[PDB]
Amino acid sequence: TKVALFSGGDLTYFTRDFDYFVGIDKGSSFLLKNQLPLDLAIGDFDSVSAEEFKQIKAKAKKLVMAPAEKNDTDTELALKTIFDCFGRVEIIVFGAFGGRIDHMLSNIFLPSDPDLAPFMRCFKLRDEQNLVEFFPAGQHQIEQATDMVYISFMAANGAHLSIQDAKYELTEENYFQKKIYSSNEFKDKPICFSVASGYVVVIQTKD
């Protein structure tokens, strides 16, 4: 019931404890190259040699060819596909960062897509020292994840945030403008945060 997507980012970190393995473009080649299952290879594969795509084309339990010129990114397309086949499943996206900033932002703001927003609570961005979760507009609580030390909140579409029970709080009584409030920490208690509309992007990090 646990799916794992190996994006085209830099997979210097990844886990193997997963039911289904999805590989976007280069991720497909990475998976194989690491003695790992390739249940699904998706994307336009414009980021892999014919030599590599030859091994993927004859090893992937399933392969999806996506148009070169489109609106959704291979990772976006991959997440949309899976949510259709499995429905509300738990996803972890590896290699969602690195290299290009435009692509990273695309992953950081995946929920911004109307079709993904509803499932924004089913997938996460993860790598060596970063963990990214997405919360719909409203009231929420969060407990610190293992390994991680710092935590930050950022509302896509500038809606005022509220943060309590954290080392640094953000009340309506001391609010100071900033897109992302980083370097915050827990303190033996769940952190409370909320947002009138949109959705919040929580980023737990370490090091």
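Residue indices: 1-based, along the sequence shown.
- Here the stretch with the larger average CA B-factor, out of 99 to 107 and 125 to 133, is 99 to 107.
- Stretch comparison (38 to 46 versus 64 to 72) by mean CA B-factor in the PDB entry places 64 to 72 on top.
- Which of 146, 182, 141, 177 has the largest Cα B-factor in the deposited entry comes down to 146.
- Reading the B-factor column for the CA atoms of 154, 170, 58, 151 in the entry, the top value corresponds to 58.
- In the deposited entry, the Cα temperature factor of residue 22 sits in the bottom third of values across the chain's modelled residues.
- Among all modelled residues in this chain, the alpha-carbon of residue 192 has a temperature factor (C-alpha) in the middle third.
- Residue 79 sits in the lowest third of its chain by CA B factor, as recorded in the PDB entry.
- Annotation for residue 117: C-alpha temperature factor in the lowest third relative to the rest of the modelled chain, per the entry.
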